[PDB]
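To begin, one chain is listed below as structure tokens, in the form deposited in one PDB entry.
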């Protein structure tokens, strides 16, 4: 069926709002990020609009916190691509149930508050 309702099938992005994280070397940081994704299955995505919108954003936040909590501050700067690619794999696993491919994750800013 050539459905009348159509969905953007190309790369789009949402921001992960700043998450407060404790590094392995005990530094308190605020980290925000960007998730790049696209609908790969229009039928699954249309079926899961409510179940994916909320759940994906929260999972992006949790995925970030868990990944960064296991690293030293130094590692977060130098291993940023490894960390991001690991997050992308974790996020892409969960989003498949909702017809979404996560293509890329980027760690944006690491804020250091008054310690």
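The term rigid core refers to the most C-alpha atoms you can superpose between the two forms while keeping them within 1.5 Å. Numbering follows the first chain given and starts at 1.
Separately, the form deposited in another entry exists; it is not shown, and the next lines address it.
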Taking the rigid core as reference, which of 45, 31, 76, 67 is displaced at the C-alpha by at least 2 Å between this form and the one not shown?
45
Post core alignment: residue 96 C-alpha displaced by 2 Å or more between this form and the one not shown:
yes
Large Cα shift (2 Å or above) at residue 12 between this form and the one not shown, core-fitted
yes
Looking in the other entry, decide if the C-alpha atoms of residue 50 and residue 62 are closer or farther than in the form shown; they differ by 3 Å or more.
closer
Closer or farther in the other entry, the Cα atoms of residue 66 and residue 50, when the shift from this form is 3 Å or more
closer
